[PDB]
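Only one structure is covered here, and it is reproduced in the block below.
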Number of protein chains: 2
Amino acid sequence: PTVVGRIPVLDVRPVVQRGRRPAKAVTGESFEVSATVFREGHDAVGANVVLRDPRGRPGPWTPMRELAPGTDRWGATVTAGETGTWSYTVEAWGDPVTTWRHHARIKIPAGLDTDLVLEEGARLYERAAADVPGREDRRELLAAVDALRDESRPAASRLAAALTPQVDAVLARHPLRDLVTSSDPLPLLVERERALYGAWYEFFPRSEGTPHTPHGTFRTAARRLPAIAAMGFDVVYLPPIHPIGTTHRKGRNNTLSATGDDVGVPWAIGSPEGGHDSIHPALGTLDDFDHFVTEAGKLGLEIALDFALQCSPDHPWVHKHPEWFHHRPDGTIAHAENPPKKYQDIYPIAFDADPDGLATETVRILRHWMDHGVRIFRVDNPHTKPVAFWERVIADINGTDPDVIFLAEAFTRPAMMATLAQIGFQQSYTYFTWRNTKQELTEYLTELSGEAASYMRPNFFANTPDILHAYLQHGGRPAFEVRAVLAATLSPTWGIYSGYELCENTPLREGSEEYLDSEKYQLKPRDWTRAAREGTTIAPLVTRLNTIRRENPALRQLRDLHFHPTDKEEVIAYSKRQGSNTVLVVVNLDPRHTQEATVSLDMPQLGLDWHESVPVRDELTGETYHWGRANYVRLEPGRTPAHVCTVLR
Amino acid sequence: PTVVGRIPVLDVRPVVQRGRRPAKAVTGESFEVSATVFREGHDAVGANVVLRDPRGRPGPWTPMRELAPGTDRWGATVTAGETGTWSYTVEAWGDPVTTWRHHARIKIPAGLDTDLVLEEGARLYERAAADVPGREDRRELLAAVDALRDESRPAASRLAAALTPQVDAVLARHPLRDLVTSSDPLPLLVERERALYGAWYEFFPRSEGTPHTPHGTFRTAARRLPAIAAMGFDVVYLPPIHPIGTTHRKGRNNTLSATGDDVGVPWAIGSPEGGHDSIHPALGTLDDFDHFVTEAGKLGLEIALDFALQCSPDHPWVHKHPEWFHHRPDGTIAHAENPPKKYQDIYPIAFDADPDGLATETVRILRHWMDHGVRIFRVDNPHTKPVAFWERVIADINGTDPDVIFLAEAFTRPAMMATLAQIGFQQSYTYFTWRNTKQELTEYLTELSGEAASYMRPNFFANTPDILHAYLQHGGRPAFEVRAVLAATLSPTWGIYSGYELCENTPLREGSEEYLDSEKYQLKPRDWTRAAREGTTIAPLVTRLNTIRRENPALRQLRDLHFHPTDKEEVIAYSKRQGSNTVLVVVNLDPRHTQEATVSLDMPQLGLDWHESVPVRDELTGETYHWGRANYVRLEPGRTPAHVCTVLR
Ligand SMILES: OC[C@H]1O[C@@H]2O[C@H]3[C@H](O)[C@@H](O)[C@@H](O[C@H]4[C@H](O)[C@@H](O)[C@@H](O[C@H]5[C@H](O)[C@@H](O)[C@@H](O[C@H]6[C@H](O)[C@@H](O)[C@@H](O[C@H]7[C@H](O)[C@@H](O)[C@@H](O[C@H]8[C@H](O)[C@@H](O)[C@@H](O[C@H]1[C@H](O)[C@H]2O)O[C@@H]8CO)O[C@@H]7CO)O[C@@H]6CO)O[C@@H]5CO)O[C@@H]4CO)O[C@@H]3CO
Ligand SMILES: OC[C@H]1O[C@@H]2O[C@H]3[C@H](O)[C@@H](O)[C@@H](O[C@H]4[C@H](O)[C@@H](O)[C@@H](O[C@H]5[C@H](O)[C@@H](O)[C@@H](O[C@H]6[C@H](O)[C@@H](O)[C@@H](O[C@H]7[C@H](O)[C@@H](O)[C@@H](O[C@H]8[C@H](O)[C@@H](O)[C@@H](O[C@H]1[C@H](O)[C@H]2O)O[C@@H]8CO)O[C@@H]7CO)O[C@@H]6CO)O[C@@H]5CO)O[C@@H]4CO)O[C@@H]3CO
Ligand SMILES: OC[C@H]1O[C@H](O[C@H]2[C@H](O)[C@@H](O)[C@@H](O)O[C@@H]2CO)[C@H](O)[C@@H](O)[C@@H]1O
Ligand SMILES: OC[C@H]1O[C@H](O[C@H]2[C@H](O)[C@@H](O)[C@@H](O)O[C@@H]2CO)[C@H](O)[C@@H](O)[C@@H]1O
């Protein structure tokens, strides 16, 4: 038996790990299946994609086309339906009608064999008719057969009868396919909408307290939720909610020794009060947390908990499972590191003495929180734990609960970042914060929206508690506005960390990405009410961006994205589409100076002719413009960060 | 079981068809096995390649290195031995000694935990010692252990004792490997030297006749063999040696109707006198052919027969197996085509009515010629027959006779070209004749010597009976000289078609690649003796090029090739290496004007320092030069096509 079939169909994509892991989609998402298809000799081929759902049922007739002439690379778009494990096959075949037509069109005007050629077409059409289930369509092809065979009529006329539009449409729907050959099936995992699409908000409950009790509880912090819903967020990502160690606790601003009142770092998980299955006593009880989760649910908010597989020196695991830590010869456990960053307040887990026990406990913890309505976990620094460990944990949890979503906070090298997505992380943090120029943004999003999109779903946090980028530091409010726009329109998932709205941009010191007086080491109460009344918050912009997203399907996908040239380096332009919805964005990346540019749109890339002029509405302002091949824009920092335009029907 | 192992080893290369077809080498050839290797956390990894022979025996310790820092891509060179099917695996592991050393070097000068750090190194060294089979090497590591543990000695001193050269050499040969993890084996087919390396000469026996009997026989044509051997060729490729049809026979210059004495085209195979298992009666008998083959063998020449799976209208198959042809409704068979080229004199084969009978007969024909000492077949236009058909045929023949070599004359699109090589064709014709500028040559050879080298072995014919390129037409003798130099130094297999030596360059007409009075349609006697005495032949250059090839192992491989920059567009420079043999070639691609240029050698790419000045000998002239980073060359067309230099040792 041969590896290549009768009609070669090779190198089907997407493929992940050579077919050993599935390619990804979410319900209702479209993507391109491609293949290399050709045959021996000079006759034409065709191809189509057969997409199978979890019960094995084939989808609709999905014909492919050659993506560029003479390349033998064929493609077609497919669309994922319900969640679960699907499979896709590419079928290739000889296309004898297209071949016959080609020759007929030359030979009949040339008087060469006109009877023999026409009879050959007659027979092709007969075979095509036999496979057609429609009675009307069958009658139509057979009327062509009779015409082709009518030796009473001129050659040119008999041929024309076989090339009518209504003959084409029947053959387009039901082609004569010779020597049908299939690739081996490739696996596709289809997950829920939120894996790809969602707007995220991170805050620390303990900061949302009162005058009498500064350390916030779940009951007091629930009061922030309506404001977060009103900004159009879907997911609230909480830092670790557990007790916090006292041994080597850090103080304010990442000092080494905490003083009497210091609250410490939430990631230094565990004390005698409990571990990863417990609630910090100062946030309240498990019932309080259920209340917080219920109230979020009513506002259309899901909770994502932080999961940081690591311990403070006072976590019960230290004494109950010493073999989950690596001990030096004197018995001590070296504190974790991400050099030059030191984490004196925590111990990293060692996985090679009792991998099974770690696995079993890890999934039990996750299942505990799942039973309390947390169906999303933001996994802290996964790349310092074994890759195969996450592969096993995720498979175990998604085996019973396939709706659970894992976000990988892996700020590290590409190989590892890719691998973690491929072994099952539904979402990944990305290099976004370090893509600020037009070159950087264009290259990186070309990468994310291209081949990487078959295994990685990006979550664009414009800031995190650990990343306050120089661009926001030096750019002030207008920089916060630009990054919001970019994040929210370039990725169908994005997020901000509370304080972003208020344009908090004071670093620990020049050349650092840490915040001064970081919320990681202290309570950080904020006058939300004052900011709203004094208008020193960008919440209204954020709110508007999420509404636009909710209103335009094109922004709820990733893969369809195109960059349109401008004559200014500071000005970037791009479009995204989904069905008839098209969104066109132009952003001035200069946060200090007004930029005027000419934006030269790739009209065909919008599905318009070059001369055409399409009306647009800038959804940020409600203003309308008539735009075409070449468009003057003028963008003043502080007044306008960007145009975010929809193309009107 | 997880898809990723404890220490990730991913995307092992080379790979062909995702592991479904083997990668290729020949006996004694070197190539790079690579893989993506990394781990969690910040500790170091190592990796090594385990290469297995047909009996399953592992080869030598072959450590890999990271090919560029921070990339996580690792590689090592391996060398194929005896012929047959091999396998390669990549092992990845934690490298705890490299990790410990790194920290020790910082901490000990810092006075930070010196005792604990040194004791940790002691224990690592002890474990490494336990796996070392040599008693002396074991004593050496244990002496380091004792030194590391001597608390009476200064920290800096105890550490130094563990980092001596003689400790490094023991650990380099027998590292401590944690958590060893392997890839799945990948297949490698190792074939004989000639599949990769050989010089080819094509001629038509029928042209080497006499005054009394113009149509040459095998007995008269055997007289050409010594001259061919003298030119340093290894393989004589004959056009089809079978009877030739009379129905629709072509005349001189590809005219449609042959006249009385016209000999017709050898590819129009078959008459009542016999088919593909027969000898044209005018060439003599099978015994005469055995004589020709025997005499070739004694001169160090292997025969390669043309195999064209096609028939003249008078081939016996036409009536004996009509279902091997596609018939139109009136019973006729359309003559073969490769538009705008027409082959009115032949019928193409149809494969779908009796694929089994075609397979059986085809391999019987091949076996017939094999039993008469032909162990090489040049397969005519394989891309007009099914790919899976060649896959089945070749597997069948190589199953019993793995030494037989197939060369694919597939001048067609890349996908088909690649695929035919991948499904088992040992050699491929290439786009060479249409790569004449420095950009063209550089790009194309970068491609052939790169990833394509794991499945395709190129045969650079500078001309064929069907391709006389415009460059030779317009360039005259000096162009023939350049192309000979390029072909013979750029690919370890090359060839010419008789007449090339005499610089035959008259086209059928302006803008054609056909020869005037082509030998395909007529006897073409040549005054070899006169050319030799009048010196109007480039046989001496050809002879010299093959000798240089035979004397320099670098020219007998493909994959090691590097292009060195010059300040002149007409002047190209490149080097090839194999062990200590280095050949450096500089060619003036202008055939009409002298070119002077400065050749700036990538010295490290030669394995020399930038300031170094190495002696070379131009093997064309015997002249010696001292060359370094920058070198003036002056190349006059007719006098010197190129410098073909060896680096002296
Ligand atoms: O009619 C379309 C075509 O017309 C014009 O081309 C003329 C050309 O300008 C002249 O210079 C001449 O071309 C000869 C050429 O210079 C010689 O070098 C030789 O060409 C060989 C190639 O050098 C060699 O590589 C190989 O070529 C293969 C390609 O490498 C490979 O990519 C593939 O080619 C496919 C193309 O990649 C793909 O785009 C598609 O081709 C389209 C062209 O790209 C598109 O621009 C257009 O091309 C024009 C051309 O630009 C004009 O100058 O038409 C195509 C639309 O379908 O498909 C290609 C496959 O068909 O495969 C090829 C080989 O199959 O092989 C060739 C020779 O083996 O020979 C040339 C002629 O003797 O003449 C032509 C017109 O006759
Ligand atoms: O190593 C010596 C090195 O020293 C100097 O680096 C300084 C640099 O110029 C400053 O700009 C700054 O660096 C910060 C950077 O500019 C910030 O934007 C941010 O960078 C983030 C990246 O933007 C983001 O992409 C991600 O980085 C990943 C890369 O994208 C990814 O490709 C890969 O990186 C590997 C490289 O591809 C690989 O080539 C190899 O890198 C070496 C360089 O090639 C080599 O030239 C040299 O560079 C100098 C440099 O010229 C000086 O400026 O060293 C490199 C290490 O050998 O190895 C890379 C693997 O490490 O992976 C990374 C993720 O690791 O994330 C980063 C940050 O999260 O932050 C930067 C931190 O300051 O300061 C540095 C001084 O440290
Ligand atoms: O208590 C541990 C540690 O936490 C911090 O850094 C976190 C960070 O918040 C995470 O999101 C990610 O970057 O990994 C780290 C570990 O979970 C503090 O910055 C650090 O100073 C503190 O010691
Ligand atoms: O006489 C049949 C046919 O053969 C020729 O072309 C060959 C060519 O020599 C091969 O190198 C390859 O391209 O396939 C062809 C068919 O076997 C003649 O050049 C052609 O005119 C002739 O009709």
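Here's how to read the names in the structure tokens: chain A, B, ... by the order shown, residue numbers from 1 in each chain, ligand numbers from 1 in the order shown.
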Exercise for the section: Could you please extract the residues within 6 Å of ligand 4, counting only C-alpha atoms and all ligand atoms, and hand them back as JSON, numbers by chain? Expected result: {"B": [254, 265, 267, 268, 343, 344, 345, 346, 380, 381, 466]}
Residues of the last selection are to be written out with N, CA, C and O atoms, as a PDB file, in the first residue's frame.
ATOM      1  N   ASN B 254      11.775  17.413 -36.297  1.00  0.00           N
ATOM      2  CA  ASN B 254      10.433  17.343 -35.744  1.00  0.00           C
ATOM      3  C   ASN B 254       9.357  17.641 -36.774  1.00  0.00           C
ATOM      4  O   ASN B 254       8.288  18.163 -36.420  1.00  0.00           O
ATOM      5  N   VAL B 265      12.132   8.802 -33.860  1.00  0.00           N
ATOM      6  CA  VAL B 265      12.476   9.163 -32.476  1.00  0.00           C
ATOM      7  C   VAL B 265      12.496   7.920 -31.595  1.00  0.00           C
ATOM      8  O   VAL B 265      11.533   7.150 -31.597  1.00  0.00           O
ATOM      9  N   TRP B 267      12.055   7.440 -28.578  1.00  0.00           N
ATOM     10  CA  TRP B 267      10.965   7.424 -27.596  1.00  0.00           C
ATOM     11  C   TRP B 267       9.613   6.964 -28.187  1.00  0.00           C
ATOM     12  O   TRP B 267       8.654   6.746 -27.451  1.00  0.00           O
ATOM     13  N   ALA B 268       9.543   6.813 -29.503  1.00  0.00           N
ATOM     14  CA  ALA B 268       8.348   6.254 -30.135  1.00  0.00           C
ATOM     15  C   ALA B 268       8.518   4.742 -30.157  1.00  0.00           C
ATOM     16  O   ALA B 268       8.758   4.156 -31.210  1.00  0.00           O
ATOM     17  N   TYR B 343       3.220  15.093 -29.351  1.00  0.00           N
ATOM     18  CA  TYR B 343       3.928  13.856 -29.663  1.00  0.00           C
ATOM     19  C   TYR B 343       3.057  12.946 -30.514  1.00  0.00           C
ATOM     20  O   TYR B 343       2.653  11.857 -30.092  1.00  0.00           O
ATOM     21  N   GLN B 344       2.813  13.391 -31.747  1.00  0.00           N
ATOM     22  CA  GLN B 344       1.975  12.661 -32.685  1.00  0.00           C
ATOM     23  C   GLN B 344       2.426  11.220 -32.884  1.00  0.00           C
ATOM     24  O   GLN B 344       1.634  10.380 -33.322  1.00  0.00           O
ATOM     25  N   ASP B 345       3.702  10.946 -32.601  1.00  0.00           N
ATOM     26  CA  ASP B 345       4.268   9.616 -32.832  1.00  0.00           C
ATOM     27  C   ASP B 345       4.098   8.637 -31.669  1.00  0.00           C
ATOM     28  O   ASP B 345       4.530   7.480 -31.781  1.00  0.00           O
ATOM     29  N   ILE B 346       3.483   9.069 -30.566  1.00  0.00           N
ATOM     30  CA  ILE B 346       3.234   8.158 -29.472  1.00  0.00           C
ATOM     31  C   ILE B 346       1.865   8.265 -28.802  1.00  0.00           C
ATOM     32  O   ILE B 346       1.183   9.301 -28.828  1.00  0.00           O
ATOM     33  N   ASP B 380      11.618   8.468 -18.143  1.00  0.00           N
ATOM     34  CA  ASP B 380      11.153   9.541 -19.002  1.00  0.00           C
ATOM     35  C   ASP B 380       9.839  10.142 -18.487  1.00  0.00           C
ATOM     36  O   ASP B 380       8.948   9.423 -18.068  1.00  0.00           O
ATOM     37  N   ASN B 381       9.752  11.471 -18.449  1.00  0.00           N
ATOM     38  CA  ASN B 381       8.523  12.179 -18.023  1.00  0.00           C
ATOM     39  C   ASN B 381       7.630  11.461 -16.995  1.00  0.00           C
ATOM     40  O   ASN B 381       6.490  11.147 -17.283  1.00  0.00           O
ATOM     41  N   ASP B 466      16.747  18.127 -25.372  1.00  0.00           N
ATOM     42  CA  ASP B 466      15.555  18.954 -25.403  1.00  0.00           C
ATOM     43  C   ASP B 466      15.785  20.334 -24.874  1.00  0.00           C
ATOM     44  O   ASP B 466      14.895  21.164 -25.002  1.00  0.00           O
TER      45      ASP B 466
END
For chain B against chain A, with a cut-off of 8 Å and counting only C-alpha atoms, what is the closest atom pair and its distance in Å to one decimal for every residue that makes the cut, ordered by chain and number, as a Markdown table?
| residue | atom | partner | partner_atom | distance |
| --- | --- | --- | --- | --- |
| B:2 | CA | A:388 | CA | 6.3 |
| B:3 | CA | A:20 | CA | 7.2 |
| B:4 | CA | A:388 | CA | 5.5 |
| B:5 | CA | A:388 | CA | 6.2 |
| B:6 | CA | A:388 | CA | 6.3 |
| B:8 | CA | A:387 | CA | 7.6 |
| B:11 | CA | A:17 | CA | 7.4 |
| B:17 | CA | A:11 | CA | 7.4 |
| B:18 | CA | A:18 | CA | 6.3 |
| B:20 | CA | A:3 | CA | 7.0 |
| B:21 | CA | A:3 | CA | 7.7 |
| B:36 | CA | A:415 | CA | 7.7 |
| B:38 | CA | A:416 | CA | 7.7 |
| B:39 | CA | A:386 | CA | 7.4 |
| B:40 | CA | A:384 | CA | 4.9 |
| B:41 | CA | A:384 | CA | 4.3 |
| B:42 | CA | A:384 | CA | 7.8 |
| B:70 | CA | A:413 | CA | 7.7 |
| B:71 | CA | A:415 | CA | 8.0 |
| B:72 | CA | A:415 | CA | 7.1 |
| B:116 | CA | A:329 | CA | 6.9 |
| B:119 | CA | A:329 | CA | 7.5 |
| B:120 | CA | A:329 | CA | 7.0 |
| B:328 | CA | A:120 | CA | 7.5 |
| B:329 | CA | A:116 | CA | 6.7 |
| B:330 | CA | A:116 | CA | 7.4 |
| B:338 | CA | A:42 | CA | 7.5 |
| B:383 | CA | A:40 | CA | 5.2 |
| B:384 | CA | A:41 | CA | 4.0 |
| B:385 | CA | A:40 | CA | 5.5 |
| B:386 | CA | A:40 | CA | 5.3 |
| B:387 | CA | A:40 | CA | 6.8 |
| B:388 | CA | A:4 | CA | 5.7 |
| B:391 | CA | A:2 | CA | 6.5 |
| B:392 | CA | A:2 | CA | 6.5 |
| B:413 | CA | A:70 | CA | 7.7 |
| B:415 | CA | A:72 | CA | 7.1 |
| B:416 | CA | A:38 | CA | 7.6 |
| B:423 | CA | A:4 | CA | 7.8 |
Write out the residues from the selection above, keeping C-alpha atoms, as a short mmCIF file (atom, residue, chain, number, x, y, z; two decimals), in the first residue's frame.
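See again-v9.cif below for the written result:
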data_model
loop_
_atom_site.label_atom_id
_atom_site.label_comp_id
_atom_site.auth_asym_id
_atom_site.auth_seq_id
_atom_site.Cartn_x
_atom_site.Cartn_y
_atom_site.Cartn_z
CA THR B 2 1.18 12.38 27.39
CA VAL B 3 2.33 13.54 23.96
CA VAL B 4 5.12 15.66 25.46
CA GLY B 5 7.77 13.87 27.51
CA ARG B 6 9.39 14.89 30.76
CA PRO B 8 10.35 18.23 25.69
CA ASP B 11 9.79 18.72 15.76
CA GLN B 17 5.72 13.50 4.81
CA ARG B 18 5.44 13.64 8.61
CA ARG B 20 5.51 8.45 6.52
CA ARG B 21 8.41 8.40 4.04
CA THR B 36 13.50 21.71 19.55
CA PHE B 38 14.01 22.81 26.26
CA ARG B 39 12.64 22.37 29.76
CA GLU B 40 10.62 24.10 32.45
CA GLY B 41 12.36 26.43 34.77
CA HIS B 42 15.74 27.94 34.22
CA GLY B 70 17.91 31.49 23.07
CA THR B 71 16.34 29.65 20.12
CA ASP B 72 15.93 26.19 21.75
CA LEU B 116 26.12 23.97 50.94
CA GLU B 119 28.42 19.80 48.92
CA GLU B 120 25.70 19.93 46.24
CA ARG B 328 -12.16 8.03 -27.63
CA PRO B 329 -15.67 7.12 -28.72
CA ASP B 330 -14.57 6.22 -32.29
CA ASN B 338 2.93 18.40 -23.05
CA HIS B 383 4.95 13.22 -13.94
CA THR B 384 2.53 12.15 -16.77
CA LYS B 385 2.05 8.76 -15.03
CA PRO B 386 0.46 8.39 -11.57
CA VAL B 387 2.62 9.21 -8.59
CA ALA B 388 1.40 6.13 -6.66
CA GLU B 391 5.76 4.59 -5.60
CA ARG B 392 4.60 1.00 -6.07
CA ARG B 413 5.97 22.14 -10.95
CA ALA B 415 4.97 19.99 -5.68
CA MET B 416 5.07 17.10 -8.17
CA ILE B 423 7.95 8.55 -2.95
#
Each chain B residue no farther than 12 Å from ligand 1, nearest pair in Å, only C-alpha atoms and all ligand atoms, as a Markdown table:
| residue | atom | partner | partner_atom_place_in_ligand_line | distance |
| --- | --- | --- | --- | --- |
| B:338 | CA | ligand 1 | 65 (O) | 11.1 |
| B:339 | CA | ligand 1 | 77 (O) | 10.9 |
| B:340 | CA | ligand 1 | 77 (O) | 9.6 |
| B:341 | CA | ligand 1 | 73 (O) | 11.4 |
| B:383 | CA | ligand 1 | 65 (O) | 11.5 |
| B:409 | CA | ligand 1 | 69 (O) | 11.4 |
| B:410 | CA | ligand 1 | 69 (O) | 9.3 |
| B:411 | CA | ligand 1 | 69 (O) | 5.5 |
| B:412 | CA | ligand 1 | 65 (O) | 4.4 |
| B:413 | CA | ligand 1 | 62 (O) | 3.8 |
| B:414 | CA | ligand 1 | 31 (C) | 5.9 |
| B:415 | CA | ligand 1 | 33 (C) | 8.7 |
| B:416 | CA | ligand 1 | 62 (O) | 9.6 |
| B:417 | CA | ligand 1 | 62 (O) | 9.5 |
| B:418 | CA | ligand 1 | 31 (C) | 11.8 |
| B:429 | CA | ligand 1 | 69 (O) | 10.8 |
| B:430 | CA | ligand 1 | 24 (C) | 8.6 |
| B:431 | CA | ligand 1 | 24 (C) | 5.3 |
| B:432 | CA | ligand 1 | 24 (C) | 8.3 |
| B:433 | CA | ligand 1 | 18 (O) | 7.8 |
| B:434 | CA | ligand 1 | 18 (O) | 4.4 |
| B:435 | CA | ligand 1 | 23 (O) | 6.8 |
| B:436 | CA | ligand 1 | 18 (O) | 8.7 |
| B:437 | CA | ligand 1 | 18 (O) | 10.6 |
| B:440 | CA | ligand 1 | 23 (O) | 8.8 |
| B:441 | CA | ligand 1 | 23 (O) | 11.0 |
| B:443 | CA | ligand 1 | 25 (O) | 11.2 |
| B:444 | CA | ligand 1 | 25 (O) | 9.0 |
| B:447 | CA | ligand 1 | 30 (O) | 11.8 |
| B:466 | CA | ligand 1 | 73 (O) | 11.2 |
| B:467 | CA | ligand 1 | 73 (O) | 9.4 |
| B:468 | CA | ligand 1 | 73 (O) | 10.7 |
| B:469 | CA | ligand 1 | 17 (C) | 8.7 |
| B:470 | CA | ligand 1 | 17 (C) | 9.3 |
| B:471 | CA | ligand 1 | 18 (O) | 10.6 |
| B:511 | CA | ligand 1 | 73 (O) | 8.5 |
| B:512 | CA | ligand 1 | 73 (O) | 7.8 |
| B:513 | CA | ligand 1 | 73 (O) | 7.5 |
| B:514 | CA | ligand 1 | 73 (O) | 10.5 |
Exercise for the section: Enumerate as a PyMOL selection string all residues of range 25-149 of chain A assigned to strand (DSSP E) by DSSP on the backbone, naming them with the chain letters and numbers the document uses. Expected result: chain A and resi 25-26+30-37+45-52+65-66+73-79+84-94
Fill in the blank from the handout: One decimal place gives the CA of residue 118 in chain A-CA of residue 135 in chain A separation as 24.0 Å
Problem - Contact residues around residue 270 in chain B with only C-alpha atoms at 12 Å, ignoring same-chain residues under 3 positions, as JSON, numbers by chain - result: {"B": [240, 241, 242, 243, 244, 245, 246, 247, 249, 264, 265, 266, 267, 273, 274, 275, 276, 277, 278, 279, 280, 281, 308, 309, 310, 311, 312, 313, 314, 315, 316, 317, 318, 345, 346, 347]}
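In this structure, CA of residue 355 in chain B sits 21.5 Å away from CA of residue 369 in chain B.
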Handout entry: For residue 482 in chain B: contacts at 9 Å, only C-alpha atoms, fewer than 6 positions along chain excluded, given as a ChimeraX atom specification
Key = /B:587-591,641-642
Handout entry: Residue with smallest distance to residue 51 in chain A - pool A:211, A:22, A:185, A:348, counting only C-alpha atoms
Key = A:185
Can you tell me, as a PDB file with C-alpha atoms, in the first residue's frame, which residues in range 456-584 of chain A count as alpha helix (DSSP H) by DSSP?
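Output saved as states29.pdb:
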ATOM      1  CA  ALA A 470       7.561  52.535  29.263  1.00  0.00           C
ATOM      2  CA  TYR A 471       5.113  53.578  26.554  1.00  0.00           C
ATOM      3  CA  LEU A 472       2.377  54.226  29.139  1.00  0.00           C
ATOM      4  CA  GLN A 473       4.845  55.746  31.553  1.00  0.00           C
ATOM      5  CA  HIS A 474       6.022  58.305  29.050  1.00  0.00           C
ATOM      6  CA  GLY A 475       2.725  58.698  27.154  1.00  0.00           C
ATOM      7  CA  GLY A 476       0.182  59.515  29.865  1.00  0.00           C
ATOM      8  CA  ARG A 477      -3.527  59.305  29.256  1.00  0.00           C
ATOM      9  CA  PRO A 478      -3.280  59.404  25.472  1.00  0.00           C
ATOM     10  CA  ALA A 479      -1.006  56.342  25.542  1.00  0.00           C
ATOM     11  CA  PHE A 480      -3.547  54.461  27.714  1.00  0.00           C
ATOM     12  CA  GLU A 481      -6.186  55.349  25.136  1.00  0.00           C
ATOM     13  CA  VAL A 482      -4.187  54.057  22.182  1.00  0.00           C
ATOM     14  CA  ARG A 483      -3.290  50.770  23.867  1.00  0.00           C
ATOM     15  CA  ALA A 484      -6.930  50.199  24.841  1.00  0.00           C
ATOM     16  CA  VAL A 485      -7.971  50.671  21.290  1.00  0.00           C
ATOM     17  CA  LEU A 486      -5.282  48.427  19.904  1.00  0.00           C
ATOM     18  CA  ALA A 487      -5.898  45.672  22.408  1.00  0.00           C
ATOM     19  CA  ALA A 488      -9.634  45.690  22.073  1.00  0.00           C
ATOM     20  CA  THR A 489      -9.687  45.728  18.259  1.00  0.00           C
ATOM     21  CA  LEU A 490      -6.656  43.505  17.487  1.00  0.00           C
ATOM     22  CA  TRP A 528     -13.549  55.719  41.781  1.00  0.00           C
ATOM     23  CA  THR A 529     -16.363  58.164  42.344  1.00  0.00           C
ATOM     24  CA  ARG A 530     -14.136  61.221  42.154  1.00  0.00           C
ATOM     25  CA  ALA A 531     -12.413  59.997  38.997  1.00  0.00           C
ATOM     26  CA  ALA A 532     -15.824  59.517  37.318  1.00  0.00           C
ATOM     27  CA  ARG A 533     -17.106  62.962  38.274  1.00  0.00           C
ATOM     28  CA  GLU A 534     -13.815  64.748  37.503  1.00  0.00           C
ATOM     29  CA  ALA A 539     -13.827  54.100  31.615  1.00  0.00           C
ATOM     30  CA  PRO A 540     -16.179  55.712  29.056  1.00  0.00           C
ATOM     31  CA  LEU A 541     -13.746  54.881  26.237  1.00  0.00           C
ATOM     32  CA  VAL A 542     -13.280  51.346  27.609  1.00  0.00           C
ATOM     33  CA  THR A 543     -17.047  50.942  27.871  1.00  0.00           C
ATOM     34  CA  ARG A 544     -17.477  52.141  24.294  1.00  0.00           C
ATOM     35  CA  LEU A 545     -14.790  49.777  23.006  1.00  0.00           C
ATOM     36  CA  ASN A 546     -16.522  46.748  24.571  1.00  0.00           C
ATOM     37  CA  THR A 547     -19.876  47.820  23.185  1.00  0.00           C
ATOM     38  CA  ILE A 548     -18.395  48.127  19.732  1.00  0.00           C
ATOM     39  CA  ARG A 549     -16.932  44.626  20.161  1.00  0.00           C
ATOM     40  CA  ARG A 550     -20.355  43.309  21.279  1.00  0.00           C
ATOM     41  CA  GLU A 551     -22.007  44.956  18.272  1.00  0.00           C
TER      42      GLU A 551
END
Completion exercise
The residue from A:138, A:321, A:173, A:342 with the smallest atom-to-atom distance to ligand 3, counting only C-alpha atoms and all ligand atoms, is A:342
Exercise for the section: Would you mind listing what lies within 8 Å of residue 26 in chain A as a PyMOL selection string, with only C-alpha atoms counted and same-chain residues fewer than 5 positions away left out? Expected result: chain A and resi 80-81+83+190-193+195-196
